[PDB]
Amino acid sequence: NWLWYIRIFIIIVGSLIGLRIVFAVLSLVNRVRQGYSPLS
Amino acid sequence: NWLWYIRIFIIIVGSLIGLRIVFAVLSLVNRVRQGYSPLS
Amino acid sequence: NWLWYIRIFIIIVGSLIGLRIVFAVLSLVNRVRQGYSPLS
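Protein chains in written order, with my numbering: chain V, 2 to 41; chain H, 2 to 41; chain F, 2 to 41.
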């Protein structure tokens, strides 16, 4: 049935969530992008 | 029978993951609202 | 092994997304690490 084409599609959405962990590491990198005051 | 209402429930949970991308701009906004020193 | 063991596997991945909401508190904890300068 079409249910298979719909099942594999969730595995692609599954790859997006494990990628988000870097957002924790992004804060120390933002230090350089935040080294400046709001609106320069 | 249970499985059908639970199948679409995956697509609703799927919408929440793209929303998180905005958390990157939240850090520069939080700099001012967290600009004060830890109380706890 | 069958389609049943493959169905619940998505529900375990569904629990990980609600855990990322908590990262908003990490910014006040990292603020101390944002008053600090990039290593090297």
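Positions of the beta carbon are idealized from the N, C-alpha and C atoms, including for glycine.
Reduced DSSP category for residue i - H, G, I as helix; E, B as strand; rest coil
i: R21(V); result: coil
i: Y6(F); result: helix
i: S38(F); result: coil
Same chain only: Cβ atoms within 8 Å of residue i, ignoring 5 sequence neighbours per side
i: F10(F); result: none
Sequence-distant residues of the same chain with beta carbon closer than 7 Å to residue i, five excluded per side
i: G15(V); result: none
Tell me, please, whether the region 25 to 34 of chain H touches the region 28 to 35 of chain F by the rule of three or more beta-carbon pairs shorter than 8 Å.
yes
Segment contact, 8 Å Cβ cut-off, at least three pairs: the region 34 to 41 of chain H with the region 4 to 14 of chain H:
no
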